[PDB]
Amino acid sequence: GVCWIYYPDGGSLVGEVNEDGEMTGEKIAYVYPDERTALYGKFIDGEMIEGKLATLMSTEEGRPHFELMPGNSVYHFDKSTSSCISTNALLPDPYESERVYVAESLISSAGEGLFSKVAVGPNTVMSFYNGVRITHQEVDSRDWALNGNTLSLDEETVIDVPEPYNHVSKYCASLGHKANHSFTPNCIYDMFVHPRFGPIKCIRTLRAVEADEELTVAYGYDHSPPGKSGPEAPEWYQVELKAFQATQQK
């Protein structure tokens, strides 16, 4: 009896359950939202212990057939903490690796940006936004200079990619923090449940994107805070906002 458990983000867990209905065994798989790319291997109660890159070749009456991809890379559940971003910071995500890359942004003076490698349709998960997990209080109480990469996860958690992990040479396990801001974005941040990173956010397209198109997201800072306005945002953002409101076609 094969069970499939689908997450709202489109990913899924699949395998035969044990006597106790637990997703425990050596033939369990996490399947990415493309319904093709998979991490296949040892899981315990749905937690990835040793998953290897695989392809979902076909499914017959709910029964999946996977075949391992070449290579020796293995992945495991490795949730970040307040001060550990990953146990394998330089081990990239294979699904992300086939879809996006980091390069100089097309946006003037905006450092690096995130780009698509492929033509995909709307609502496509492209990249993952993993990071250390800290409190809103910590983030809200410190300088904007330390808040370039903070992204609200939920009511108790903010995800951050702090120095020195904001440099690909030090951290490339996920790349969501490299997407620059735009008031006319082609992507959005969305919830994601990842077998390695746990509950995080992802970057999902709003519409079809082409190969080599820069991926942008609206950062969503508060433009008019309740405690006397002037957007609670970095200067570059406030500047771009003025430039946006101007040039806007009404």
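Here, rigid core means the biggest group of C-alpha atoms that superpose within 1.5 Å across both forms. The first residue of the shown sequence is 1; numbering continues from there.
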>> Root mean square C-alpha distance from this form after a core fit in 7 other deposited structures of this protein: higher for 32-40 or for 58-66?
In response: 58-66
>> Can you check whether 119-127 or 140-148 lies farther from the displayed model in 7 other deposited structures of this protein, averaging C-alpha distances as RMS after superposing on the core?
In response: 140-148
> Among the other entries of this protein that model both neighbours of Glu232, is it absent from at least a third?
Replying inline: yes
> Per the entry, where is the mean C-alpha temperature factor higher: 67-75 or 91-99?
Replying inline: 67-75
> In the PDB record, does 5-13 or 228-236 carry the higher mean Cα temperature factor?
Replying inline: 228-236
>> Among the choices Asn147, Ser127, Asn180, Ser109, identify the one whose CA B-factor in the record is greatest.
In response: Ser109
> Which one of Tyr30, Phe43, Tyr221, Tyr189 shows the top CA temperature factor in the record?
Replying inline: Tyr221
> So where's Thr59 on the chain's Cα temperature factor ranking, which third?
Replying inline: highest
>> Test of reading the entry: by CA B factor among the chain's modelled residues, which third contains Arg196?
In response: lowest
> By the record's CA B-factor, is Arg204 among the lowest, middle or highest third of residues in the chain?
Replying inline: lowest
>> Per the entry's values, where does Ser83 land by CA temperature factor relative to the rest of its chain, in the lowest, middle or highest third?
In response: highest
> Hey, what third does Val168 fall into on Cα B-factor, ranked over its chain?
Replying inline: highest
